[PDB]
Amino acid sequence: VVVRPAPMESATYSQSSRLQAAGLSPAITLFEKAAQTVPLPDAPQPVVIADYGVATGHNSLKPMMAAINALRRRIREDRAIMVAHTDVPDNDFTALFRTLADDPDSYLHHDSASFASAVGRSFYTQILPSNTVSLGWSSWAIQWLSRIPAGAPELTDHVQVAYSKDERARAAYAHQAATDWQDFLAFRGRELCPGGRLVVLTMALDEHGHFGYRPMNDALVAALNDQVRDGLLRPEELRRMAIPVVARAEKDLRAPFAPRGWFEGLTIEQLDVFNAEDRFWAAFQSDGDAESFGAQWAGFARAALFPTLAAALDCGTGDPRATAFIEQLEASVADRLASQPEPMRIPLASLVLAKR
C-alpha cells in the first residue's frame, strides 16, 4: 500500500551514469577535504566511511578512494578502513560486489587494509550503529522520496511533480521531501561520530526555482503519449506513472536548521547551489554527432528513471512487455533529442554537514 520508487537498472547503470559522475565531481573535493581534517577514532579502531545510496557502486569508487588516500596520510597503513555501502533491499548488491572485486579502480585493489560491506535497508531509518561513522557520503540519492505521498493526486499529465499544475500534488510531494530530509538528517546525526562529517550531493532547484532537464522532460512525456497513441501503453497505466523525485531549493535544505543553525546535533558547514556542466551538449558542440547526443541523454534517463515507470505497467517487471516498453521508450527519447539538440540545466546542491 506504500508505493516506493524502483532502484536503478542494474544492467545499464554503470555505463549510463557519466552525467551523475561529472556532476558529483566538485563534491569529491569537499569529501577529500573533510577526510583531511575530521577527528578520528582512537587507534587502532577501524575508521568507518558510509556511502548512502550506492546503486551498482561505479560512481562511488572515486569519492571512496579520495577519502581513503587522505586518511592514509593520517593513520598507520595497517589500520582498518571499513566502507559501508547502503541502498534499498531490492538494489542489485551482486552487481555492487562484482564492481568491488573486478573494477581496477576499486579501493579494495588499491588499499590492502580497506574493507567493504553493504546495507540493504532504507536510509530514512537508522541503519548503522550510533557514533561510528567518521565520514558520510551521499550522491544523487536523497532526491528520491521514501514514497509517493499518501492520498496525493494522480499526476494526470506529467511524470515529474515540478512540471505538474496540480497544486495539491505539489504540496504533498514538498511535504514528503521535507519529512524525508528531516528523517535523513536525524538518523545520520545519530550514526556519525562526534565531530564527523557528511557530504551530500542532490538534485536542486536553480536560482530561478527551476527543476531543469526541460528538453529531456518534454521528450519523455511526448514519447509516453506516443505509446498510448500506438496502443503500446494503456491510458490508465500512463496516469499511474510518477517519478518520486523532488529537487530541493536552498531554503528547503536549510529548513531543519533555521534559525539557530542546528538540527539533531548537525549543522551546515558549507552549502553550494550550482549548475553542473552539460557534458553531452559540450560533446555535441565539438563533434556534431546528434545521434550520440540523443543516445547519451536517453541512456541516462533509462537507467535512473525507467524502472520506476515500468513498475506502473499492468504486467510484471520481469514480463517481456516491460523490457519492450523500456527499450522503445529509450529509442523514442533518443530520436526526439537527436532531432533538435539543446543545452540543459543540471541544478545541483552540495552540502558539508558536521556533527557536534
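Start at 1 and count along the sequence shown; that's the residue number.
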If you take the mean CA temperature factor per stretch, which one wins between 127 to 135 and 273 to 281?
273 to 281
Which wins on mean Cα temperature factor, 338 to 346 or 7 to 15?
338 to 346
Per the entry's Cα B factor values, which of 92, 180, 252, 207 stands out as the maximum?
207
From 235, 120, 195, 189, the top C-alpha temperature factor is at 235
Please place residue 20 in the lowest, middle or highest third of its chain according to the CA B-factor in the PDB entry.
lowest
Name the third of the chain's ranked CA B-factors that contains residue 53, choosing lowest, middle or highest.
lowest
Based on the deposited C-alpha B factors for this chain, I'd like to know if residue 87 is in the lowest, middle or highest third.
lowest
Taking the C-alpha B-factors as the PDB entry records them, is residue 227 in the lowest, middle or highest third of its chain?
highest
Of the three thirds of the chain ranked by Cα temperature factor, residue 98 occupies the lowest
